[PDB]
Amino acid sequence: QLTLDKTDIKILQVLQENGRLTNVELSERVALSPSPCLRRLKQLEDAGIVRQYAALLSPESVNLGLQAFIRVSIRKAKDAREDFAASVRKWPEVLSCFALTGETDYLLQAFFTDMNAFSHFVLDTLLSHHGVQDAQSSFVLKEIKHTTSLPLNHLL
């Protein structure tokens, strides 16, 4: 079970918040010299800790006013879970999809311009999928918090 030191956590905490920092900029943030700082970054990156760097966008800025959480009930037939998994990976409007432990078989998170766009997706793609028994959706009224930064204080 992974264990990091005080400054390696600091590095990871800076990178999560600012994925596009030069080494000097990171060095300054974590209180190291660029050489030791770069050396630390290597090993973290080489450990698989960092899986991707991403630009995160404002959904409103690209006319995606509608954010849906869709609860999908899967058909109880063979390959339905697999087939559905495969299709969801090819739907760009669905950002995330998890098999969950409760009543909802799959929770999907998806973005749309408006309800008309959402309606076309649900009726013409989602519910028509041979592996999908049913779906029900709720929508975002307000984003309270949304970060991609994982908690790391358990590592110290």
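Residue numbers here begin at 1 and follow the sequence given.
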Ranking every modelled residue in this chain by its Cα temperature factor as given in the entry, which third contains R20? highest
Of the three thirds of its chain by CA temperature factor, lowest, middle or highest, which one includes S33? highest
Position of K78 among the chain's modelled residues by C-alpha B-factor, lowest, middle or highest third: highest
Taking the C-alpha B-factors as the PDB entry records them, is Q13 in the lowest, middle or highest third of its chain? lowest
If you rank every modelled residue in this chain by C-alpha B factor, which third holds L66: lowest, middle or highest? middle
